[PDB]
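Novice: Below you'll find the structure I mean.
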Amino acid sequence: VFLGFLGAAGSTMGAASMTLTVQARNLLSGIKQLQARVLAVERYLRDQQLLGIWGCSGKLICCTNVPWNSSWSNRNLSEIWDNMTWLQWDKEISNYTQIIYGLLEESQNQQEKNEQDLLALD
Amino acid sequence: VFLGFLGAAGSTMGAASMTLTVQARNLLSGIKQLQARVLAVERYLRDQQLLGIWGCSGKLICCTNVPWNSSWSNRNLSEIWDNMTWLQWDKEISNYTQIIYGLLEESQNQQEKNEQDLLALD
Amino acid sequence: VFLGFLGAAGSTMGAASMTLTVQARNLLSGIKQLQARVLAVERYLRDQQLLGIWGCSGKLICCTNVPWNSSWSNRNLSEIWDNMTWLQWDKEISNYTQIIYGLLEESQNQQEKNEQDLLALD
Amino acid sequence: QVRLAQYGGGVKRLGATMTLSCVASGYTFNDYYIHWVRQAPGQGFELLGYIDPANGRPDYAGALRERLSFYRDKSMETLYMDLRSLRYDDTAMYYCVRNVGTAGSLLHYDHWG
Amino acid sequence: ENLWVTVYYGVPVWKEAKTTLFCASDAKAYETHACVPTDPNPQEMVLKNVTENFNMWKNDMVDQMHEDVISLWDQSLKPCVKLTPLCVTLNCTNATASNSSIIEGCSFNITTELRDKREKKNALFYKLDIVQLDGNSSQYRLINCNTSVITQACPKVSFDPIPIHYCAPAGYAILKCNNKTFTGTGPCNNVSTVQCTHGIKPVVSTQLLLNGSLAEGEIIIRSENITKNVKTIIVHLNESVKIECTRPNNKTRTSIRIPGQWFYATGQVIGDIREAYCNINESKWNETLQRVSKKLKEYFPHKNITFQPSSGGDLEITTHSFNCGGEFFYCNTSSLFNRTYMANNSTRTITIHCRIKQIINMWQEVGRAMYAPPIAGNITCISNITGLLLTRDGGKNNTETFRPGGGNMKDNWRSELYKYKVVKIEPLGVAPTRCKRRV
Amino acid sequence: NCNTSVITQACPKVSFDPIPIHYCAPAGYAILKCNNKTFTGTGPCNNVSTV
Amino acid sequence: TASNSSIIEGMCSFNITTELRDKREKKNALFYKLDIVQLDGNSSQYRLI
Ligand SMILES: *[C@@H]1O[C@H](CO)[C@@H](O[C@@H]2O[C@H](CO)[C@@H](O[C@@H]3O[C@H](CO[C@H]4O[C@H](CO[C@H]5O[C@H](CO)[C@@H](O)[C@H](O)[C@@H]5O)[C@@H](O)[C@H](O)[C@@H]4O)[C@@H](O)[C@H](O[C@H]4O[C@H](CO)[C@@H](O)[C@H](O)[C@@H]4O)[C@@H]3O)[C@H](O)[C@H]2NC(C)=O)[C@H](O)[C@H]1NC(C)=O
Ligand SMILES: *[C@@H]1O[C@H](CO)[C@@H](O[C@@H]2O[C@H](CO)[C@@H](O[C@@H]3O[C@H](CO[C@H]4O[C@H](CO[C@H]5O[C@H](CO)[C@@H](O)[C@H](O)[C@@H]5O)[C@@H](O)[C@H](O)[C@@H]4O)[C@@H](O)[C@H](O[C@H]4O[C@H](CO)[C@@H](O)[C@H](O)[C@@H]4O)[C@@H]3O)[C@H](O)[C@H]2NC(C)=O)[C@H](O)[C@H]1NC(C)=O
Ligand SMILES: *[C@@H]1O[C@H](CO)[C@@H](O[C@@H]2O[C@H](CO)[C@@H](O[C@@H]3O[C@H](CO)[C@@H](O[C@@H]4O[C@H](CO)[C@@H](O)[C@H](O)[C@H]4NC(C)=O)[C@H](O)[C@@H]3O)[C@H](O)[C@H]2NC(C)=O)[C@H](O)[C@H]1NC(C)=O
Ligand SMILES: *[C@@H]1O[C@H](CO)[C@@H](O[C@@H]2O[C@H](CO)[C@@H](O[C@@H]3O[C@H](CO)[C@@H](O)[C@H](O)[C@@H]3O)[C@H](O)[C@H]2NC(C)=O)[C@H](O)[C@H]1NC(C)=O
Ligand SMILES: *[C@@H]1O[C@H](CO)[C@@H](O[C@@H]2O[C@H](CO)[C@@H](O[C@@H]3O[C@H](CO)[C@@H](O)[C@H](O)[C@@H]3O)[C@H](O)[C@H]2NC(C)=O)[C@H](O)[C@H]1NC(C)=O
Ligand SMILES: *[C@@H]1O[C@H](CO)[C@@H](O[C@@H]2O[C@H](CO)[C@@H](O)[C@H](O)[C@H]2NC(C)=O)[C@H](O)[C@H]1NC(C)=O
Ligand SMILES: *[C@@H]1O[C@H](CO)[C@@H](O[C@@H]2O[C@H](CO)[C@@H](O)[C@H](O)[C@H]2NC(C)=O)[C@H](O)[C@H]1NC(C)=O
Ligand SMILES: *[C@@H]1O[C@H](CO)[C@@H](O[C@@H]2O[C@H](CO)[C@@H](O)[C@H](O)[C@H]2NC(C)=O)[C@H](O)[C@H]1NC(C)=O
Ligand SMILES: *[C@@H]1O[C@H](CO)[C@@H](O)[C@H](O)[C@H]1NC(C)=O
Ligand SMILES: *[C@@H]1O[C@H](CO)[C@@H](O)[C@H](O)[C@H]1NC(C)=O
Ligand SMILES: *[C@@H]1O[C@H](CO)[C@@H](O)[C@H](O)[C@H]1NC(C)=O
Ligand SMILES: *[C@@H]1O[C@H](CO)[C@@H](O)[C@H](O)[C@H]1NC(C)=O
């Protein structure tokens with residue numbers, strides 16, 4: 001059911017975390033627009049896989065092991081999580097996501113191998 | 001592999017829970033019948049996502065936090081849990097399927113946010 | 001981003017386990033070559049579901065409950081784990097991959113049903 | 001299905017030119033080489049040459065390169081061969097035979113005319 | 001003891017298969033290539049310690065290239081005008097120019113823009129494009145009209161050897177080999193992978209393939225090895241021998257109305273008549289043939305090797321055929337190949353005469369014809385010869401005889417998709433290990 | 001137009017006409033919209049909606 | 001031109017333009033008169049159904 005889809009957009013990064021499920025469900029449904037159907041599936045599967053690789057499987061919210069590294073956005077947000085909006089924060093943090101993803105991937109690899117080694121004591 | 005698909009259909013809701021994997025397995029395989037593959041993929045991904053939204057991720061059987069409101073069909077199905085009644089139960093509960101999903105979704109949202117708050121004590 | 005990918009091929013089954021994430025990310029992107037995307041998506045979903053049925057959800061490395069058995073490959077692979085590359089071991093074990101999946105499926109069924117019975121004491 | 005009909009024959013006078021023929025039928029004309037083998041009476045079979053139907057490239061046996069000549073007609077799916085200056089020992093039955101050519105080599109005949 | 005089933009994902013293992021491949025290229029020209037938009041940049045990694053099998057004669061991607069090229073040509077010819085009304089009886093004597101025998105073209109009737117009015121016209125044709133009608137020899141007819149309909153090539157759409165990159169789809173990897181002496185079969189102990197092939201130019205030629213790549217070591221000789229009775233032997237040069245060609249006359253295009261479609265005839269030839277010709281460095285050709293013979297008599301060790309010109313067949317195989325610009329050539333190569341060798345630096349230039357014709361049967365097939373509009377002015381062309389398509393004569397009994405051939409267009413692209421191979425990744429695999437899962 | 005192009009008679013029963021049409025985005029895309037009463041077709045809208 | 005013409009009764013000649021678009025030939029062939037319909041006027045004239 002499509003309702004209140006981006007209604008939380010523009011609000012603060014704290015309040016907007018409530019209505020994430022409303023956004024998550026959008027995988028709905030010349031003459032040859034089947035390719036449009038295929039595009040949505042491709043993008044959704046890309047996002048779902050990319051969440052799986054970091055150990056953030058399934059759940060819409062998680063944290064991960066990699067700390068807030070040096071460099072990157074020093075812009076304070078803990079004082080502003082209850083202000084500002086995601087679109088403003090996305091513009092700042094877009095400079096480093098391509099760097100962050102590899103760190104998350106390697107951290108998840110280390111976690112998986114450590115757990116396998118721990119269970120290998122059997 | 002195709003074997004026993006819907007073989008236990010109509011049987012007890014206790015017995016048929018064993019053979020759910022057979023039903024889950026089917027994502028198999030003019031001239032332009034390619035569109036059926038996309039239809040099957042769309043339906044399977046819809047079901048897989050919708051299971052993920054409620055916190056019932058992956059595992060074929062699960063129970064969730066939202067209690068059973070007796071208003072939903074008022075049945076003493078515990079007696080009838082071992083007596084056929086699959087399609088009959090589906091027809092009986094079809095009156096309320098559209099309502100329960102919002103409750104499950106909000107319950108999973110509350111669970112996730114409470115767990116995030118608990119881990120936020122770090 | 002593609003890089004390295006099968007470059008770990010030819011190395012041992014121990015060393016090659018590190019670069020699995022790099023190989024897992026390959027879901028990239030007359031005139032009617034659109035069918036290749038659908039074929040790739042179907043193959044990836046086949047693999048992802050088949051991992052899900054055994055209880056190996058998401059995580060690239062896992063171990064399952066079913067013990068190793070003779071009448072399958074009876075190699076002394078423990079020392080040879082770090083000698084052979086994946087291809088020859090895959091060729092050796094190809095005689096029995098079709099058989100093991102049913103055992104894994106039934107083991108996961110037993111696991112899930114026992115856990116559900118344990119929670120049913122509520 | 002496939003049939004390789006033939007025409008021409010009978011008696012040809014000594015020293016005169018002669019011209020057999022062949023007609024393909026139930027198969028893709030371009031994909032199979034054609035050969036022309038003959039059997040004199042009291043002798044084993046021997047090959048004369050072969051003609052590629054698509055591009056028309058011929059190739060003849062060593063002893064008969066001057067006399068033979070092969071050519072085709074793609075639109076009619078027809079083939080021919082001429083043997084100039086018939087000698088007495090040309091008395092024979094001349095079979096056209098298909099060849100099962102692979103992607104890069106030639107192999108056994110299957111369907112004789 | 002305590003060894004349990006475990007499963008791995010993302011494993012580096014694969015199995016051979018066949019699948020669809022993607023067209024890829026740079027920014028599209030002319031507003032053979034039709035695939036948009038893409039921007040490929042492949043990276044190659046050496047799979048260390050990987051031994052893999054290869055085969056050039058059996059792989060499927062050559063067939064995909066063949067079908068793609070044919071389909072692209074069909075789509076190019078689809079909107080262009082059909083030359084059906086031109087089929088009427090031509091009355092020709094052709095005594096105007098200085099050389100009447102060279103071209104030997106006609107005057108004919110055509111229905112003008114008003115369907116009730118017919119107008120006399122006349123144009124120039126090479127008599128390779130014209131066949132005499134029975135009876136009085138003054139009557140003439142187009143060559144292919146009794147067998148097929150002729151489509152004029154659209155002049156603005158000038159397809160050419162634009163390089164093409166063939167990119168694998170997700171889940172498949174294009175393997176590659178760079179062993180310096182790989183002969184098209186057997187294992188490669190030096191393997192690599194890429195998204196997309198290099199830029200393959202879809203060149204069309206016979207008796208030798210030009211504008212190709214060059215081998216690493218000396219000249220490589222490739223052949224099928226199921227039996228000595230081979231169809232075609234491919235020889236790949238390690239040292240290009242330049243070839244130059246020209247059409248000195250100044251041709252005059254003219255338009256004939258057919259609705260808005262216009263048929264582009266050769267209105268007139270300007271300049272004195274000189275037959276088309278080409279040039280080859282004589283010393284380079286001598287040395288190249290000597291090296292080829294020395295390489296080739298390794299396979300055939302106890303026989304003389306003799307080169308002789310092709311025999312029989314159409315113009316596409318009796319003579320070297322190719323195209324430069326919007327014209328097609330057919331050059332007599334008898335002088336080049338007439339050599340023999342015992343069994344045991346551009347000093348001079350060879351010249352070969354050449355003939356050009358307009359009505360081209362679609363090289364692979366008959367029953368569908370192309371008409372080339374005349375290229376006005378004079379043409380010059382330069383290209384790099386890189387390989388030979390030979391084919392031997394059997395039954396010679398202690399004297400080998402290799403003579404040029406290669407009418408089949410597929411052999412050209414079986415030489416340039418020579419390295420590659422496609423496999424299917426099998427990312428899932430099992431193994432034993434120590435384990436426990438909580439219950 | 002005969003000397004310049006071919007002519008096709010419109011099919012009398014097929015009366016194509018200004019029938020209203022709704023353009024919908026696919027999944028993963030949202031059609032934004034503006035209802036500022038004084039919008040000249042360009043510039044920022046501080047009164048935005050989606051459909 | 002047969003023992004029984006009434007059974008088939010196409011036995012019919014026509015001017016076909018062939019292989020030059022400028023010449024015509026008087027071919028003729030057989031036809032069942034279920035496939036053939038008479039034209040008005042002189043009954044000897046006929047047409048495909
Ligand atoms: C579209 O146009 C084409 C072009 O006109 C039509 O193609 C023609 O079809 C007819 C009938 O199918 C063919 O006629 C037959 O010719 C046979 C012999 O060949 C002729 O050409 C020889 C030329 O060959 C030269 O080169 C070779 C080596 O390459 C040498 O060996 C040879 O000596 C020559 O140096 C001539 O030598 C020869 O004399 C002929 O002129 C005949 O044998 C054949 O006769 C039989 O069939 C007759 C009826 O069809 C019958 O009356 C006879 O009694 C006998 O049974 C026949 O005459 C043409 O050859 C062919 N043209 C070409 C250029 O090959 C095509 O049919 C037309 N339509 C379509 C749909 O495509
Ligand atoms: C399909 O049919 C159409 C319709 O017939 C064809 O279109 C015709 O093509 C020809 C040739 O291409 C054109 O002829 C040329 O006309 C030139 C000048 O224009 C003529 O029309 C003018 C009309 O203009 C009016 O309006 C303007 C304002 O809008 C006023 O300023 C003007 O005064 C008029 O009120 C006339 O004014 C003018 O007198 C002409 O009648 C000519 O200059 C040209 O000259 C030829 O001869 C020259 C030597 O004398 C030579 O140097 C030139 O190169 C050239 O050869 C030529 O006559 C037609 O104009 C045009 N029709 C229309 C309606 O425009 C079309 O070709 C045909 N085919 C196709 C495939 O479409
Ligand atoms: C591989 O082979 C090719 C030819 O087989 C070699 O390349 C060729 O090189 C010649 C010059 O040496 C080029 O000739 C000119 O091409 C341009 C292209 O624009 C022509 O200009 C105009 O082109 C348009 C089409 O775009 C046409 O409609 C116009 O008529 C034409 N002329 C004018 C005045 O506008 C120009 O006139 C020449 O014809 C060939 O184009 C070129 N061929 C290709 C396919 O690129 C090449 O050298 C060889 N490889 C190597 C490594 O040498
Ligand atoms: C390529 O060029 C060579 C010449 O450099 C051509 O060879 C010549 O072809 C002519 C064809 O008329 C031969 O003449 C004829 O010979 C026959 C006997 O075989 C005779 O009966 C005819 O009256 C005529 O004289 C000529 O002998 C031959 N010469 C050589 C040295 O081969 C060749 O045909 C050309 N090929 C192409 C495809 O254009
Ligand atoms: C390929 O190369 C060989 C070797 O050079 C050429 O051999 C030549 O063949 C011709 C006949 O075709 C010989 O002609 C001579 O003619 C004179 C005058 O008519 C006559 O008196 C001689 O008895 C002889 O027949 C020529 O001697 C011969 N040359 C050699 C060196 O052997 C052959 O012609 C070439 N073929 C092509 C197609 O280029
Ligand atoms: C083009 O068509 C005209 C008209 O049919 C042809 O005119 C010739 O007219 C003379 C007049 O006595 C006749 O005797 C000829 O028989 C006609 N020719 C033909 C071929 O029938 C004219 O010849 C035609 N020209 C061409 C090149 O086809
Ligand atoms: C290329 O090779 C040919 C063939 O050997 C040479 O032609 C011969 O040249 C010699 C003299 O150099 C003559 O005596 C022969 O008659 C020629 N023909 C043959 C068939 O041998 C040609 O000179 C060589 N050209 C170059 C530049 O090396
Ligand atoms: C085919 O065409 C010819 C030539 O027009 C027809 O010939 C007949 O010729 C006589 C000669 O005086 C005329 O009186 C007739 O009127 C012509 N017939 C017709 C139908 O016009 C011939 O009849 C035609 N045949 C067919 C079957 O159409
Ligand atoms: C190429 O392969 C051949 C196969 O026998 C081998 O002998 C040779 O050493 C290889 N060369 C390289 C550079 O890999
Ligand atoms: C072939 O071997 C050389 C040297 O060992 C190496 O530089 C090259 O990358 C190799 N190529 C492939 C495709 O393995
Ligand atoms: C419309 O946009 C203009 C832009 O300057 C703004 O001044 C005006 O207040 C807006 N009006 C409404 C009703 O949003
Ligand atoms: C524009 O503003 C008015 C009043 O603030 C509101 O009723 C209307 O829904 C707004 N429309 C959009 C598209 O924001």
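Letters A, B, ... mark the chains of the structure tokens in the order given; residue numbers begin at 1 per chain; ligand numbers begin at 1, in order shown.
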Could you list, as a list in words, all residues that come within 10 Å of ligand 8? Count only C-alpha atoms and all ligand atoms.
Specialist: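 Checking only C-alpha atoms and all ligand atoms against ligand 8 at 10 Å gives residues 12, 13, 14, 15, 16, 24, 25, 26, 27, 28 and 45 of chain G.
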Novice: Could those selected residues go to a file with N, CA and C atoms, as a PDB file, in the first residue's frame?
Specialist:
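The resulting result-v2.pdb:
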```pdb
ATOM      1  N   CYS G  12      -7.912 -23.019 -67.789  1.00  0.00           N
ATOM      2  CA  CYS G  12      -7.922 -21.566 -67.714  1.00  0.00           C
ATOM      3  C   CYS G  12      -6.540 -20.999 -68.026  1.00  0.00           C
ATOM      4  N   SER G  13      -6.510 -19.941 -68.837  1.00  0.00           N
ATOM      5  CA  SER G  13      -5.279 -19.287 -69.258  1.00  0.00           C
ATOM      6  C   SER G  13      -5.283 -17.835 -68.804  1.00  0.00           C
ATOM      7  N   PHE G  14      -4.091 -17.316 -68.518  1.00  0.00           N
ATOM      8  CA  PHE G  14      -3.948 -15.964 -68.003  1.00  0.00           C
ATOM      9  C   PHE G  14      -2.593 -15.408 -68.417  1.00  0.00           C
ATOM     10  N   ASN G  15      -2.498 -14.077 -68.413  1.00  0.00           N
ATOM     11  CA  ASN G  15      -1.302 -13.355 -68.849  1.00  0.00           C
ATOM     12  C   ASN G  15      -0.527 -12.918 -67.611  1.00  0.00           C
ATOM     13  N   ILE G  16       0.547 -13.645 -67.307  1.00  0.00           N
ATOM     14  CA  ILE G  16       1.403 -13.326 -66.168  1.00  0.00           C
ATOM     15  C   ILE G  16       2.632 -12.571 -66.657  1.00  0.00           C
ATOM     16  N   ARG G  24       4.981 -10.495 -71.070  1.00  0.00           N
ATOM     17  CA  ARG G  24       3.880 -11.294 -70.551  1.00  0.00           C
ATOM     18  C   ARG G  24       3.787 -12.611 -71.310  1.00  0.00           C
ATOM     19  N   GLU G  25       3.337 -13.647 -70.604  1.00  0.00           N
ATOM     20  CA  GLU G  25       3.259 -15.003 -71.134  1.00  0.00           C
ATOM     21  C   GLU G  25       1.900 -15.592 -70.795  1.00  0.00           C
ATOM     22  N   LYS G  26       1.354 -16.391 -71.714  1.00  0.00           N
ATOM     23  CA  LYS G  26       0.022 -16.976 -71.560  1.00  0.00           C
ATOM     24  C   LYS G  26       0.156 -18.359 -70.929  1.00  0.00           C
ATOM     25  N   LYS G  27       0.343 -18.368 -69.612  1.00  0.00           N
ATOM     26  CA  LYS G  27       0.349 -19.618 -68.869  1.00  0.00           C
ATOM     27  C   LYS G  27      -1.063 -20.187 -68.776  1.00  0.00           C
ATOM     28  N   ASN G  28      -1.154 -21.425 -68.293  1.00  0.00           N
ATOM     29  CA  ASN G  28      -2.439 -22.046 -68.014  1.00  0.00           C
ATOM     30  C   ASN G  28      -2.214 -23.269 -67.137  1.00  0.00           C
ATOM     31  N   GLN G  45     -15.530 -16.025 -68.993  1.00  0.00           N
ATOM     32  CA  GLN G  45     -14.604 -15.281 -68.149  1.00  0.00           C
ATOM     33  C   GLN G  45     -14.758 -15.744 -66.709  1.00  0.00           C
TER      34      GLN G  45
END
```
Novice: Got a sec: who's within 8 Å of residue 112 (chain E), counting only C-alpha atoms, leaving out chain neighbours fewer than 3 positions off, as an MDAnalysis selection string?
Specialist: chainID E and resid 115 117:119 257:258
Novice: Using C-alpha atoms, can you write the selected residues to a file as a PDB file, in the first residue's frame?
Specialist:
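Okay, this is what ended up in out-v7.pdb:
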```
ATOM      1  CA  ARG E 115       2.616   6.531 -62.624  1.00  0.00           C
ATOM      2  CA  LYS E 117       4.307   8.369 -67.626  1.00  0.00           C
ATOM      3  CA  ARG E 118       7.465   6.425 -68.506  1.00  0.00           C
ATOM      4  CA  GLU E 119      10.790   8.146 -69.196  1.00  0.00           C
ATOM      5  CA  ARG E 257      13.834   9.287 -59.297  1.00  0.00           C
ATOM      6  CA  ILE E 258      11.875   6.290 -58.020  1.00  0.00           C
TER       7      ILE E 258
END
```
Novice: Using only C-alpha atoms, pick whichever of B:12, B:27, B:119, B:113 has the shortest atom-to-atom distance to residue 44 (chain C).
Specialist: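 Checking each candidate against residue 44 (chain C), we get B:27 as the closest.
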Novice: Do a neighbour search on region 30-35 of chain D at 7 Å with only C-alpha atoms, toss out local chain neighbours closer than 2 positions, and write the hits as a ChimeraX atom specification.
Specialist: /D:28,37,49-54,96-101
Novice: Mind dumping the selected residues with N, CA and C atoms as a tab-separated table (two decimals), in the first residue's frame?
Specialist:
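Final output, again.tsv:
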```
chain	number	residue	atom	x	y	z
D	28	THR	N	20.25	-28.02	-46.21
D	28	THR	CA	20.85	-26.72	-46.48
D	28	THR	C	21.99	-26.90	-47.48
D	37	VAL	N	32.53	-39.80	-57.08
D	37	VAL	CA	33.29	-41.05	-57.10
D	37	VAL	C	32.79	-41.89	-58.26
D	49	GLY	N	37.13	-36.01	-57.40
D	49	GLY	CA	37.32	-34.71	-56.80
D	49	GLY	C	36.10	-34.32	-56.01
D	50	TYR	N	36.14	-33.10	-55.47
D	50	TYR	CA	35.03	-32.57	-54.70
D	50	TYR	C	34.87	-31.09	-54.98
D	51	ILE	N	33.63	-30.62	-54.85
D	51	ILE	CA	33.25	-29.24	-55.12
D	51	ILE	C	32.53	-28.69	-53.90
D	52	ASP	N	33.01	-27.57	-53.39
D	52	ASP	CA	32.30	-26.87	-52.32
D	52	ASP	C	31.09	-26.18	-52.94
D	53	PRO	N	29.86	-26.47	-52.50
D	53	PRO	CA	28.71	-25.86	-53.19
D	53	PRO	C	28.56	-24.38	-52.93
D	54	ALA	N	28.91	-23.90	-51.74
D	54	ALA	CA	28.69	-22.49	-51.41
D	54	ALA	C	29.51	-21.58	-52.31
D	96	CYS	N	27.42	-39.27	-57.22
D	96	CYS	CA	27.58	-38.09	-56.39
D	96	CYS	C	27.23	-38.45	-54.95
D	97	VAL	N	28.06	-37.98	-54.02
D	97	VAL	CA	27.94	-38.36	-52.62
D	97	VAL	C	28.14	-37.13	-51.75
D	98	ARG	N	27.28	-36.99	-50.75
D	98	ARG	CA	27.40	-35.89	-49.80
D	98	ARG	C	28.54	-36.17	-48.83
D	99	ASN	N	29.00	-35.12	-48.16
D	99	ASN	CA	30.06	-35.20	-47.16
D	99	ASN	C	29.59	-34.48	-45.91
D	100	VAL	N	29.90	-35.07	-44.75
D	100	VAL	CA	29.60	-34.47	-43.46
D	100	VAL	C	30.81	-33.65	-43.02
D	101	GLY	N	30.86	-32.39	-43.44
D	101	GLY	CA	31.99	-31.54	-43.11
D	101	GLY	C	31.80	-30.89	-41.76
```
Novice: Counting only C-alpha atoms and all ligand atoms, what residues are within 8 Å of ligand 2, given as a ChimeraX atom specification?
Specialist: /E:259-260 /F:1-4
Novice: Which polymer residues have any atom within 9 Å of an atom of residue 59 (chain B), counting only C-alpha atoms, with same-chain residues fewer than 4 positions away left out, as a count of residues only?
Specialist: 5
Novice: Apply DSSP to the structure's backbone, then extract all residues of region 7-91 of chain B labelled alpha helix (DSSP H) and return them as a ChimeraX atom specification.
Specialist: /B:20-24,35-53,77-80,86-91
Novice: Please find the residues of chain C near chain B - the criterion being any atom within 10 Å, counting only C-alpha atoms - and write them as a VMD selection string.
Specialist: chain C and resid 35 38 to 39 41 to 43 45 to 46 49 to 50 52 to 58 105 to 106 108 to 110 112 to 113 115 to 116 119 to 120
Novice: Counting only C-alpha atoms and all ligand atoms, what are the residues, protein, DNA or RNA alike, that approach ligand 11 to within 9 Å? I want them as a PyMOL selection string.
Specialist: chain F and resi 35-39+43-48
Novice: Write out the residues from the selection above, keeping N, CA, C and O atoms, as a PDB file, in the first residue's frame.
Specialist:
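Writing done, so here's again_35.pdb:
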```pdb
ATOM      1  N   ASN F  35       3.054  22.978  -6.508  1.00  0.00           N
ATOM      2  CA  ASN F  35       1.795  23.714  -6.591  1.00  0.00           C
ATOM      3  C   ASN F  35       1.922  25.112  -5.994  1.00  0.00           C
ATOM      4  O   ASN F  35       0.950  25.660  -5.468  1.00  0.00           O
ATOM      5  N   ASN F  36       3.116  25.695  -6.054  1.00  0.00           N
ATOM      6  CA  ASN F  36       3.252  27.123  -5.815  1.00  0.00           C
ATOM      7  C   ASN F  36       2.383  27.868  -6.819  1.00  0.00           C
ATOM      8  O   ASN F  36       2.467  27.634  -8.028  1.00  0.00           O
ATOM      9  N   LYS F  37       1.547  28.774  -6.316  1.00  0.00           N
ATOM     10  CA  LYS F  37       0.559  29.428  -7.165  1.00  0.00           C
ATOM     11  C   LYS F  37       1.182  30.395  -8.164  1.00  0.00           C
ATOM     12  O   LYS F  37       0.537  30.706  -9.171  1.00  0.00           O
ATOM     13  N   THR F  38       2.405  30.864  -7.917  1.00  0.00           N
ATOM     14  CA  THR F  38       3.082  31.821  -8.785  1.00  0.00           C
ATOM     15  C   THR F  38       4.345  31.246  -9.411  1.00  0.00           C
ATOM     16  O   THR F  38       5.337  31.970  -9.553  1.00  0.00           O
ATOM     17  N   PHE F  39       4.335  29.970  -9.791  1.00  0.00           N
ATOM     18  CA  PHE F  39       5.513  29.325 -10.357  1.00  0.00           C
ATOM     19  C   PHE F  39       5.528  29.511 -11.869  1.00  0.00           C
ATOM     20  O   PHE F  39       4.549  29.188 -12.550  1.00  0.00           O
ATOM     21  N   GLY F  43      12.780  27.461 -11.316  1.00  0.00           N
ATOM     22  CA  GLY F  43      13.149  27.985 -10.022  1.00  0.00           C
ATOM     23  C   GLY F  43      12.720  27.060  -8.898  1.00  0.00           C
ATOM     24  O   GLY F  43      12.014  26.072  -9.116  1.00  0.00           O
ATOM     25  N   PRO F  44      13.139  27.365  -7.670  1.00  0.00           N
ATOM     26  CA  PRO F  44      12.845  26.458  -6.550  1.00  0.00           C
ATOM     27  C   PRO F  44      11.408  26.595  -6.068  1.00  0.00           C
ATOM     28  O   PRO F  44      10.882  27.704  -5.955  1.00  0.00           O
ATOM     29  N   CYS F  45      10.778  25.456  -5.789  1.00  0.00           N
ATOM     30  CA  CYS F  45       9.485  25.395  -5.121  1.00  0.00           C
ATOM     31  C   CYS F  45       9.682  24.997  -3.667  1.00  0.00           C
ATOM     32  O   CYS F  45      10.256  23.940  -3.384  1.00  0.00           O
ATOM     33  N   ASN F  46       9.199  25.836  -2.750  1.00  0.00           N
ATOM     34  CA  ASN F  46       9.167  25.516  -1.330  1.00  0.00           C
ATOM     35  C   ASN F  46       7.836  24.899  -0.910  1.00  0.00           C
ATOM     36  O   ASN F  46       7.522  24.864   0.285  1.00  0.00           O
ATOM     37  N   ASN F  47       7.039  24.425  -1.878  1.00  0.00           N
ATOM     38  CA  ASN F  47       5.732  23.818  -1.642  1.00  0.00           C
ATOM     39  C   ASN F  47       5.637  22.624  -2.601  1.00  0.00           C
ATOM     40  O   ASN F  47       5.167  22.732  -3.736  1.00  0.00           O
ATOM     41  N   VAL F  48       6.082  21.463  -2.119  1.00  0.00           N
ATOM     42  CA  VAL F  48       6.372  20.306  -2.958  1.00  0.00           C
ATOM     43  C   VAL F  48       5.510  19.130  -2.521  1.00  0.00           C
ATOM     44  O   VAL F  48       5.087  19.037  -1.364  1.00  0.00           O
TER      45      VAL F  48
END
```
Novice: Show me, as an MDAnalysis selection string, the residues of chain G whose atoms get within 12 Å of chain E, using only C-alpha atoms for the distance check.
Specialist: chainID G and resid 17:23
Novice: Using only C-alpha atoms and all ligand atoms, find each protein or nucleic acid residue lying at most 8 Å from ligand 5; present the set as a PyMOL selection string.
Specialist: chain E and resi 308-309+334-335+338-339
Novice: One decimal, Å: what's the distance from CA of residue 158 (chain E) over to CA of residue 252 (chain E), could you say?
Specialist: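 Computed distance, CA of residue 158 (chain E) to CA of residue 252 (chain E), equals 18.7 Å.
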